[PDB]
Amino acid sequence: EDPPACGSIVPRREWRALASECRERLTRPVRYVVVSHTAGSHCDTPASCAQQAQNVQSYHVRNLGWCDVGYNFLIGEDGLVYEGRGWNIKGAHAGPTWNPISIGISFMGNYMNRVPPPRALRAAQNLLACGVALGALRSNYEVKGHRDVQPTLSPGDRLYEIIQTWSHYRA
């Protein structure tokens, strides 16, 4: 139960995550939604992405010393959304300028010469639908690429090609 019409999100407890120690709140409602990639390994099964989420999060917690996996939500090619910091705790995905003002959903893998399956693009869009439903996102939310906000190669050539197609994508 993560309040009405919330498009199937795999809870933290389910992907065996460590406890977030993040105390910073996100002044709701969020306007921007920054899309990124982990540039890490990709996975096509629920089984292997729950390990992959673990991988991404321990690297953020044990090694870089943050309080939690830096993204608000991680997306798998297995077609599911893995819950990271969720809708309320502030992200660490795009720099001081955007972290307090936007949500970061990141696709799990490297997308320079690989495209993500439709099942995971479907997942992402359906995450945003529920975003609005709960009111964490403003019906009129804007979708920028990681490129758009920071000197970075991510989300990756082939996915920056597609997110551009998305109705809410602002230039």
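The numbering used is simple: start at 1 and walk along the sequence shown. What we label the rigid core is the largest C-alpha set whose atoms superpose within 1.5 Å from one form to the other.
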After a core fit, does 6-14 or 155-163 show the bigger CA gap to the shown form in 9 other deposited structures of this protein? 6-14
Of 14-22 and 156-164, the stretch whose C-alpha atoms average the higher B-factor in the entry: 156-164
Name the higher of the two by mean Cα B-factor in the PDB entry, 56-64 versus 136-144. 136-144
Between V69, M108, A120, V30, which carries the biggest CA temperature factor in the record? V30
By the entry's values, the third containing the CA B factor of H42 is the middle
Of the three thirds of the chain ranked by Cα temperature factor, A124 occupies the lowest
Quick one: classify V35 as lowest, middle or highest third of the chain based on its Cα B-factor. lowest
Thinking about Cα B factors across the chain, which third does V115 belong to? middle
